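Visitor: Here you go, one structure.
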Amino acid sequence: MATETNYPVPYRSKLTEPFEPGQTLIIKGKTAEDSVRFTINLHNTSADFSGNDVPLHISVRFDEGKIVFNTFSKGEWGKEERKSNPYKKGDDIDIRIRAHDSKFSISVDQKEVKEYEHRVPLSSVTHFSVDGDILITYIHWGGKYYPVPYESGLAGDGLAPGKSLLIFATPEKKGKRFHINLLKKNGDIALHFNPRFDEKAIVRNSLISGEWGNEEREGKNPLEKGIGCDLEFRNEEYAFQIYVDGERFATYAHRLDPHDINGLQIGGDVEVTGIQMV
């Protein structure tokens, strides 16, 4: 219960539109050595009736040692479904819920641990709440099914200095490599981010006038096949600051003038679940 000043519990949010297949709800937070349990609920209502259907109820129990899922509808609860709780009292939590047309896919620490089949209409989800022994540090709802190869323009100012491009993706279980390109109008690639599991390295380069540059690799390579990752490309004064799962992975000195980086391409063996400009 440290400094919250952002998402104080009980937390409740009314969705702009109903939760649709392809969208993900991300909840991150901290727990204390005395935390017992906390909950995440996708539920019905509109104003503040508080008491309608709950398509998906998630209870993370530190006393029981498990994460429990269930649904409430027509005034009754169904049969709970359980999975082990990988967290001990006090560690940070990271739970993500992605909706699909036949179920919810829930990941814990970016690892898929539960497929919860829909028991009531997904369209019934109008709000989401979080309560219990947790201090929320991040919440995001959005995304969609991003086809890959992917290509699109970036806003109007694009990935300008002081801005950051956030990408939520999952390298394929049996994939070998994938890439992300930040481009300029003429086709030059300001930054080519290319994870290569077969080479145990992430290649970084620039494509200028149809020719590839030096090529910068070396570095841990924090990615793992089949596990979700948070990629952040921060455009700074002298270089791009590349963050992977919250830690600075590397820097890449600008080879092309920053500004006007208005293009994005993603390809290779990867699944993309979210793209946002921060």
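By convention here, the chains of the structure tokens are called A, B, ... in the order presented, each chain's residues are numbered starting at 1, and ligands are numbered starting at 1 in the order presented.
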Could you pull the residues within 12 Å of range 121-124 of chain A, counting only C-alpha atoms, minus those fewer than 3 positions along the same chain, as a PyMOL selection string?
Guide: chain A and resi 15+17-23+42-46+52-56+71-73+98-104+116-118+127-128
Visitor: Please run DSSP on the backbone and report, as a compact mmCIF listing (two decimals) with N, CA and C atoms, in the first residue's frame, all residues within range 8-247 of chain A that come out as strand (DSSP E or B).
Guide:
# COMPACT_ATOMS: atom_id res chain seq x y z
N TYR A 11 -10.41 -0.71 -7.40
CA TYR A 11 -10.32 -0.06 -8.70
C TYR A 11 -11.44 -0.56 -9.62
N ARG A 12 -12.06 0.36 -10.34
CA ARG A 12 -13.15 0.02 -11.26
C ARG A 12 -13.08 0.90 -12.50
N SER A 13 -13.24 0.29 -13.67
CA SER A 13 -13.20 1.03 -14.92
C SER A 13 -14.28 0.55 -15.88
N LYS A 14 -14.98 1.51 -16.49
CA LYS A 14 -16.03 1.19 -17.46
C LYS A 14 -15.40 1.27 -18.84
N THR A 24 -6.50 -7.31 -25.14
CA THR A 24 -5.86 -7.80 -23.92
C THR A 24 -5.99 -6.81 -22.76
N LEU A 25 -6.19 -7.34 -21.56
CA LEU A 25 -6.25 -6.53 -20.36
C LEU A 25 -4.98 -6.89 -19.61
N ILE A 26 -4.16 -5.89 -19.32
CA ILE A 26 -2.89 -6.09 -18.62
C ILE A 26 -2.94 -5.44 -17.25
N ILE A 27 -2.61 -6.22 -16.23
CA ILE A 27 -2.62 -5.72 -14.87
C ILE A 27 -1.30 -6.06 -14.19
N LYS A 28 -0.59 -5.04 -13.72
CA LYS A 28 0.68 -5.26 -13.02
C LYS A 28 0.60 -4.57 -11.66
N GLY A 29 1.31 -5.12 -10.68
CA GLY A 29 1.27 -4.52 -9.36
C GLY A 29 2.23 -5.15 -8.39
N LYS A 30 2.23 -4.64 -7.17
CA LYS A 30 3.11 -5.15 -6.12
C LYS A 30 2.26 -5.70 -4.98
N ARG A 37 -4.71 -12.19 -0.53
CA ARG A 37 -5.32 -12.43 -1.84
C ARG A 37 -5.79 -11.15 -2.51
N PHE A 38 -5.97 -11.21 -3.83
CA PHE A 38 -6.50 -10.08 -4.57
C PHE A 38 -7.31 -10.63 -5.73
N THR A 39 -8.15 -9.79 -6.31
CA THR A 39 -9.01 -10.24 -7.39
C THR A 39 -9.05 -9.33 -8.60
N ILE A 40 -9.34 -9.94 -9.74
CA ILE A 40 -9.48 -9.23 -11.00
C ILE A 40 -10.81 -9.73 -11.56
N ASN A 41 -11.72 -8.81 -11.85
CA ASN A 41 -13.01 -9.22 -12.37
C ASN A 41 -13.43 -8.51 -13.64
N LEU A 42 -13.95 -9.29 -14.58
CA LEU A 42 -14.48 -8.77 -15.82
C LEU A 42 -15.96 -8.92 -15.56
N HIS A 43 -16.69 -7.81 -15.48
CA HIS A 43 -18.09 -7.94 -15.15
C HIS A 43 -19.08 -7.04 -15.87
N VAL A 54 -20.67 -11.74 -13.89
CA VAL A 54 -19.21 -11.66 -13.84
C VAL A 54 -18.72 -12.77 -14.76
N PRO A 55 -18.54 -12.47 -16.07
CA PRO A 55 -18.07 -13.48 -17.03
C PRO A 55 -16.77 -14.16 -16.63
N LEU A 56 -15.87 -13.42 -16.00
CA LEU A 56 -14.61 -14.00 -15.55
C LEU A 56 -14.14 -13.40 -14.24
N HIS A 57 -14.04 -14.25 -13.23
CA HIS A 57 -13.58 -13.85 -11.90
C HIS A 57 -12.24 -14.54 -11.69
N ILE A 58 -11.23 -13.78 -11.30
CA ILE A 58 -9.90 -14.34 -11.05
C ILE A 58 -9.50 -14.00 -9.62
N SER A 59 -9.15 -15.03 -8.86
CA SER A 59 -8.73 -14.85 -7.48
C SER A 59 -7.33 -15.43 -7.32
N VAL A 60 -6.38 -14.59 -6.94
CA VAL A 60 -5.01 -15.02 -6.73
C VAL A 60 -4.89 -15.15 -5.22
N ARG A 61 -4.70 -16.38 -4.77
CA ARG A 61 -4.65 -16.67 -3.35
C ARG A 61 -3.27 -17.09 -2.86
N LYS A 66 -2.89 -20.74 -4.99
CA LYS A 66 -3.38 -20.89 -6.36
C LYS A 66 -4.14 -19.72 -6.92
N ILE A 67 -4.36 -19.78 -8.23
CA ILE A 67 -5.10 -18.78 -8.97
C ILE A 67 -6.38 -19.53 -9.35
N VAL A 68 -7.52 -18.96 -8.97
CA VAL A 68 -8.82 -19.59 -9.19
C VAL A 68 -9.70 -18.77 -10.13
N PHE A 69 -10.32 -19.45 -11.09
CA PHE A 69 -11.18 -18.82 -12.07
C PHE A 69 -12.62 -19.32 -11.96
N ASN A 70 -13.59 -18.45 -12.20
CA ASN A 70 -14.98 -18.86 -12.14
C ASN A 70 -15.83 -17.77 -12.79
N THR A 71 -17.12 -18.06 -12.92
CA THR A 71 -18.07 -17.12 -13.49
C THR A 71 -19.31 -17.05 -12.62
N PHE A 72 -19.88 -15.85 -12.53
CA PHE A 72 -21.10 -15.62 -11.78
C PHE A 72 -22.15 -15.16 -12.78
N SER A 73 -23.31 -15.80 -12.75
CA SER A 73 -24.38 -15.44 -13.67
C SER A 73 -25.72 -15.92 -13.15
N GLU A 76 -25.85 -17.04 -9.57
CA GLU A 76 -25.14 -18.22 -9.09
C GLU A 76 -23.73 -18.36 -9.65
N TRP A 77 -22.87 -19.00 -8.86
CA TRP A 77 -21.49 -19.23 -9.26
C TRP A 77 -21.38 -20.63 -9.84
N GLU A 81 -12.18 -23.31 -11.39
CA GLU A 81 -11.10 -23.98 -12.12
C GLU A 81 -9.84 -23.38 -11.51
N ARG A 82 -8.87 -24.23 -11.18
CA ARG A 82 -7.65 -23.75 -10.53
C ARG A 82 -6.33 -24.06 -11.23
N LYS A 83 -5.34 -23.23 -10.95
CA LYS A 83 -3.98 -23.40 -11.45
C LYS A 83 -3.07 -22.99 -10.30
N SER A 84 -1.82 -23.42 -10.32
CA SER A 84 -0.91 -23.05 -9.24
C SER A 84 -0.55 -21.57 -9.27
N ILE A 93 3.50 -8.77 -9.47
CA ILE A 93 2.64 -9.64 -10.26
C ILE A 93 2.39 -9.04 -11.63
N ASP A 94 2.14 -9.91 -12.60
CA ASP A 94 1.91 -9.49 -13.98
C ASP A 94 0.92 -10.48 -14.57
N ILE A 95 -0.34 -10.06 -14.66
CA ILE A 95 -1.38 -10.93 -15.20
C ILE A 95 -2.01 -10.28 -16.42
N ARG A 96 -2.14 -11.05 -17.48
CA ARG A 96 -2.72 -10.54 -18.72
C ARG A 96 -3.81 -11.46 -19.22
N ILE A 97 -4.92 -10.86 -19.61
CA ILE A 97 -6.08 -11.60 -20.07
C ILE A 97 -6.41 -11.20 -21.50
N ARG A 98 -6.28 -12.15 -22.43
CA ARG A 98 -6.61 -11.86 -23.83
C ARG A 98 -7.88 -12.59 -24.22
N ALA A 99 -8.83 -11.84 -24.78
CA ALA A 99 -10.09 -12.42 -25.20
C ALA A 99 -10.01 -12.99 -26.61
N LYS A 103 -12.76 -18.38 -25.82
CA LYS A 103 -12.27 -18.39 -24.45
C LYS A 103 -11.37 -17.20 -24.15
N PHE A 104 -10.89 -17.15 -22.91
CA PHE A 104 -9.96 -16.13 -22.46
C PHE A 104 -8.63 -16.87 -22.29
N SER A 105 -7.53 -16.25 -22.69
CA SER A 105 -6.21 -16.85 -22.51
C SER A 105 -5.54 -15.98 -21.46
N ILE A 106 -5.22 -16.57 -20.32
CA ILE A 106 -4.60 -15.83 -19.24
C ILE A 106 -3.14 -16.19 -19.05
N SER A 107 -2.28 -15.17 -19.04
CA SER A 107 -0.86 -15.39 -18.84
C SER A 107 -0.43 -14.78 -17.51
N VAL A 108 0.55 -15.41 -16.87
CA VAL A 108 1.11 -14.94 -15.61
C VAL A 108 2.60 -14.85 -15.86
N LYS A 111 3.68 -15.84 -19.36
CA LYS A 111 3.58 -17.25 -19.73
C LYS A 111 2.12 -17.69 -19.67
N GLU A 112 1.62 -18.24 -20.77
CA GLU A 112 0.23 -18.70 -20.81
C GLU A 112 0.04 -19.84 -19.82
N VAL A 113 -0.91 -19.68 -18.90
CA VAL A 113 -1.15 -20.72 -17.90
C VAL A 113 -2.58 -21.23 -17.87
N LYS A 114 -3.51 -20.48 -18.46
CA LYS A 114 -4.90 -20.90 -18.44
C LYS A 114 -5.74 -20.48 -19.65
N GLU A 115 -6.52 -21.43 -20.14
CA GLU A 115 -7.46 -21.18 -21.23
C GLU A 115 -8.82 -21.39 -20.58
N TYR A 116 -9.54 -20.30 -20.38
CA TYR A 116 -10.86 -20.34 -19.75
C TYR A 116 -11.95 -20.21 -20.80
N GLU A 117 -12.66 -21.30 -21.07
CA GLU A 117 -13.74 -21.27 -22.06
C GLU A 117 -14.87 -20.35 -21.61
N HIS A 127 -17.32 -3.75 -17.71
CA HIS A 127 -16.41 -3.14 -16.75
C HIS A 127 -15.37 -4.14 -16.29
N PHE A 128 -14.36 -3.64 -15.60
CA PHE A 128 -13.35 -4.50 -15.02
C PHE A 128 -12.92 -3.86 -13.72
N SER A 129 -12.70 -4.69 -12.71
CA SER A 129 -12.30 -4.20 -11.41
C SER A 129 -11.14 -5.01 -10.87
N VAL A 130 -10.44 -4.41 -9.92
CA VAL A 130 -9.30 -5.04 -9.26
C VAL A 130 -9.39 -4.61 -7.80
N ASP A 131 -9.30 -5.56 -6.88
CA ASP A 131 -9.36 -5.24 -5.45
C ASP A 131 -8.56 -6.25 -4.65
N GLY A 132 -8.32 -5.96 -3.38
CA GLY A 132 -7.56 -6.89 -2.57
C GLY A 132 -6.20 -6.39 -2.12
N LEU A 135 -1.04 -3.46 -4.87
CA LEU A 135 -0.81 -2.05 -5.15
C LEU A 135 -0.60 -2.03 -6.65
N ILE A 136 -1.60 -1.56 -7.39
CA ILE A 136 -1.54 -1.52 -8.84
C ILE A 136 -0.54 -0.51 -9.39
N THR A 137 0.31 -0.96 -10.30
CA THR A 137 1.33 -0.09 -10.89
C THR A 137 1.14 0.13 -12.38
N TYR A 138 0.30 -0.68 -13.01
CA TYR A 138 0.06 -0.54 -14.44
C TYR A 138 -1.18 -1.29 -14.87
N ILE A 139 -1.99 -0.62 -15.69
CA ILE A 139 -3.20 -1.21 -16.23
C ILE A 139 -3.36 -0.71 -17.65
N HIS A 140 -3.63 -1.64 -18.56
CA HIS A 140 -3.86 -1.26 -19.94
C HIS A 140 -4.82 -2.23 -20.59
N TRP A 141 -5.77 -1.68 -21.33
CA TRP A 141 -6.76 -2.47 -22.04
C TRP A 141 -6.74 -2.00 -23.49
N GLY A 142 -6.56 -2.93 -24.42
CA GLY A 142 -6.53 -2.55 -25.81
C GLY A 142 -5.96 -3.63 -26.71
N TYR A 146 -3.28 -8.44 -34.61
CA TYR A 146 -2.38 -7.77 -35.54
C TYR A 146 -1.84 -8.79 -36.52
N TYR A 150 3.28 -7.33 -40.68
CA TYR A 150 2.51 -6.15 -40.36
C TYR A 150 3.19 -4.90 -40.92
N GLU A 151 2.39 -3.90 -41.27
CA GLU A 151 2.94 -2.65 -41.77
C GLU A 151 1.91 -1.55 -41.59
N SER A 152 2.36 -0.40 -41.10
CA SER A 152 1.46 0.73 -40.89
C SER A 152 2.25 2.01 -40.72
N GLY A 153 1.54 3.13 -40.73
CA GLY A 153 2.19 4.41 -40.54
C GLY A 153 2.14 4.74 -39.06
N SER A 164 8.11 7.13 -27.43
CA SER A 164 8.47 5.73 -27.34
C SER A 164 7.41 4.85 -27.99
N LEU A 165 7.87 3.84 -28.72
CA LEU A 165 6.98 2.90 -29.40
C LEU A 165 6.98 1.62 -28.57
N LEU A 166 5.81 1.25 -28.07
CA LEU A 166 5.64 0.07 -27.24
C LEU A 166 5.01 -1.07 -28.03
N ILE A 167 5.66 -2.23 -28.04
CA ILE A 167 5.17 -3.39 -28.76
C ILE A 167 5.09 -4.61 -27.84
N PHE A 168 3.91 -5.23 -27.79
CA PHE A 168 3.68 -6.42 -26.98
C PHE A 168 3.67 -7.56 -27.98
N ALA A 169 4.60 -8.49 -27.83
CA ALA A 169 4.67 -9.60 -28.76
C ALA A 169 5.15 -10.88 -28.10
N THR A 170 4.91 -11.99 -28.79
CA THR A 170 5.31 -13.30 -28.31
C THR A 170 6.02 -14.06 -29.43
N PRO A 171 7.34 -14.25 -29.29
CA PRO A 171 8.06 -14.99 -30.33
C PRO A 171 7.47 -16.40 -30.38
N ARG A 177 13.45 -16.58 -35.96
CA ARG A 177 13.73 -15.16 -35.88
C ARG A 177 12.58 -14.30 -36.37
N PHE A 178 12.61 -13.03 -35.98
CA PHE A 178 11.60 -12.07 -36.40
C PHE A 178 12.26 -10.70 -36.39
N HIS A 179 11.58 -9.70 -36.94
CA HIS A 179 12.17 -8.38 -36.97
C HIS A 179 11.14 -7.28 -36.89
N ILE A 180 11.61 -6.10 -36.51
CA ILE A 180 10.80 -4.91 -36.40
C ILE A 180 11.61 -3.80 -37.07
N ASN A 181 10.98 -3.09 -38.01
CA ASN A 181 11.65 -1.99 -38.70
C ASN A 181 10.96 -0.66 -38.42
N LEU A 182 11.76 0.35 -38.11
CA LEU A 182 11.28 1.71 -37.88
C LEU A 182 11.80 2.42 -39.13
N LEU A 183 10.89 2.87 -39.99
CA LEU A 183 11.28 3.49 -41.25
C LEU A 183 10.94 4.95 -41.46
N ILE A 189 15.56 2.36 -43.41
CA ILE A 189 15.20 1.81 -42.11
C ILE A 189 16.11 2.44 -41.07
N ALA A 190 15.54 3.29 -40.22
CA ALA A 190 16.30 3.95 -39.17
C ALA A 190 16.85 2.90 -38.22
N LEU A 191 16.00 1.93 -37.88
CA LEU A 191 16.41 0.85 -36.99
C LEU A 191 15.73 -0.45 -37.37
N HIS A 192 16.55 -1.48 -37.52
CA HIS A 192 16.13 -2.84 -37.84
C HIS A 192 16.50 -3.65 -36.60
N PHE A 193 15.48 -4.11 -35.88
CA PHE A 193 15.62 -4.90 -34.64
C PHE A 193 15.30 -6.33 -35.06
N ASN A 194 16.31 -7.20 -35.01
CA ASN A 194 16.15 -8.57 -35.49
C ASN A 194 16.60 -9.71 -34.56
N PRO A 195 15.72 -10.16 -33.65
CA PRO A 195 16.08 -11.25 -32.74
C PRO A 195 16.32 -12.55 -33.52
N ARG A 196 17.43 -13.21 -33.23
CA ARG A 196 17.78 -14.47 -33.89
C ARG A 196 18.12 -15.52 -32.85
N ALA A 201 21.37 -14.09 -30.52
CA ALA A 201 21.68 -12.67 -30.51
C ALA A 201 20.60 -11.87 -31.21
N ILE A 202 20.55 -10.58 -30.92
CA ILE A 202 19.58 -9.70 -31.56
C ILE A 202 20.38 -8.75 -32.44
N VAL A 203 20.15 -8.82 -33.74
CA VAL A 203 20.86 -7.96 -34.67
C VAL A 203 20.18 -6.59 -34.83
N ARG A 204 20.99 -5.53 -34.80
CA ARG A 204 20.49 -4.17 -34.98
C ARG A 204 21.27 -3.56 -36.14
N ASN A 205 20.56 -2.92 -37.07
CA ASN A 205 21.21 -2.33 -38.23
C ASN A 205 20.32 -1.23 -38.81
N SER A 206 20.81 -0.61 -39.88
CA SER A 206 20.07 0.43 -40.57
C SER A 206 20.18 0.16 -42.06
N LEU A 207 19.12 0.46 -42.80
CA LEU A 207 19.12 0.27 -44.25
C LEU A 207 19.09 1.66 -44.84
N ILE A 208 20.17 2.05 -45.50
CA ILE A 208 20.25 3.38 -46.09
C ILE A 208 20.56 3.29 -47.58
N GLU A 211 21.25 -0.20 -48.83
CA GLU A 211 22.40 -0.93 -48.31
C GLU A 211 22.39 -1.02 -46.78
N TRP A 212 22.69 -2.21 -46.26
CA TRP A 212 22.73 -2.44 -44.82
C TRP A 212 24.04 -1.93 -44.23
N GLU A 216 25.05 -4.29 -35.37
CA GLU A 216 25.38 -4.33 -33.96
C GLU A 216 24.63 -5.46 -33.25
N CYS A 229 6.65 -10.73 -24.42
CA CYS A 229 7.67 -9.75 -24.10
C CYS A 229 7.14 -8.34 -24.33
N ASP A 230 7.74 -7.37 -23.64
CA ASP A 230 7.37 -5.97 -23.79
C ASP A 230 8.57 -5.26 -24.40
N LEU A 231 8.43 -4.82 -25.65
CA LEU A 231 9.51 -4.13 -26.33
C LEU A 231 9.22 -2.64 -26.37
N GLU A 232 10.20 -1.84 -26.00
CA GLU A 232 10.03 -0.40 -26.02
C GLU A 232 11.20 0.23 -26.73
N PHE A 233 10.89 1.01 -27.76
CA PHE A 233 11.88 1.71 -28.55
C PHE A 233 11.77 3.19 -28.22
N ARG A 234 12.66 3.66 -27.35
CA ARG A 234 12.66 5.06 -26.94
C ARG A 234 13.58 5.90 -27.82
N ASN A 235 13.00 6.86 -28.53
CA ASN A 235 13.78 7.73 -29.40
C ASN A 235 14.36 8.86 -28.55
N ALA A 239 20.49 8.53 -29.32
CA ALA A 239 20.28 7.15 -29.69
C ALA A 239 18.94 6.59 -29.26
N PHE A 240 18.57 5.47 -29.86
CA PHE A 240 17.35 4.77 -29.51
C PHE A 240 17.72 3.99 -28.25
N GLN A 241 16.83 4.00 -27.26
CA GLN A 241 17.06 3.24 -26.05
C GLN A 241 16.10 2.06 -26.17
N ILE A 242 16.64 0.87 -26.34
CA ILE A 242 15.83 -0.34 -26.51
C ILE A 242 15.62 -1.08 -25.20
N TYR A 243 14.38 -1.10 -24.73
CA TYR A 243 14.05 -1.79 -23.50
C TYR A 243 13.33 -3.10 -23.77
N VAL A 244 13.69 -4.12 -23.01
CA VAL A 244 13.03 -5.41 -23.13
C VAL A 244 12.56 -5.76 -21.73
N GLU A 247 13.81 -3.55 -18.83
CA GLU A 247 15.23 -3.34 -18.62
C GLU A 247 15.89 -2.88 -19.91
Visitor: Could you tell me how far CA of residue 149 in chain A lies from CA of residue 110 in chain A, in Å and to one decimal?
Guide: 22.2 Å
Visitor: Do you know which residues are at most 9 Å from residue 209 in chain A counting only C-alpha atoms, after dropping those on the same chain fewer than 6 positions away, and could you put them as a list in words?
Guide: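 Residues near the query, excluding close chain neighbours: residues 186, 187 and 188 of chain A.
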Visitor: Generate the output file for the selected residues, N, CA, C and O atoms, as a compact mmCIF listing (two decimals), in the first residue's frame.
Guide:
# COMPACT_ATOMS: atom_id res chain seq x y z
N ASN A 186 11.09 7.58 -47.28
CA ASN A 186 11.77 7.10 -48.48
C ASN A 186 12.08 5.60 -48.48
O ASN A 186 12.60 5.07 -49.46
N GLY A 187 11.78 4.93 -47.38
CA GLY A 187 12.05 3.50 -47.32
C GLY A 187 13.27 3.11 -46.50
O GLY A 187 13.48 1.93 -46.22
N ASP A 188 14.09 4.09 -46.14
CA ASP A 188 15.28 3.80 -45.34
C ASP A 188 14.80 3.29 -43.99
O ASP A 188 13.78 3.73 -43.48
Visitor: In Å, rounded to a single decimal, give me how far CA of residue 257 in chain A is from CA of residue 160 in chain A.
Guide: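 These atoms are spaced 10.5 Å apart.
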Visitor: Here is a test: counting only C-alpha atoms, which residue of A:157, A:260, A:2, A:268 is nearest to residue 197 in chain A?
Guide: A:268
Visitor: Which one of A:65, A:75, A:226, A:8 sits closest to residue 173 in chain A if you count only C-alpha atoms?
Guide: A:226
Visitor: In Å, how far is it from CA of residue 16 in chain A to CA of residue 48 in chain A?
Guide: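 A separation of 15.1 Å between them.
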Visitor: Restricting the calculation to only C-alpha atoms: of A:273, A:265, A:221, A:214, which residue gets closest to residue 154 in chain A?
Guide: A:265
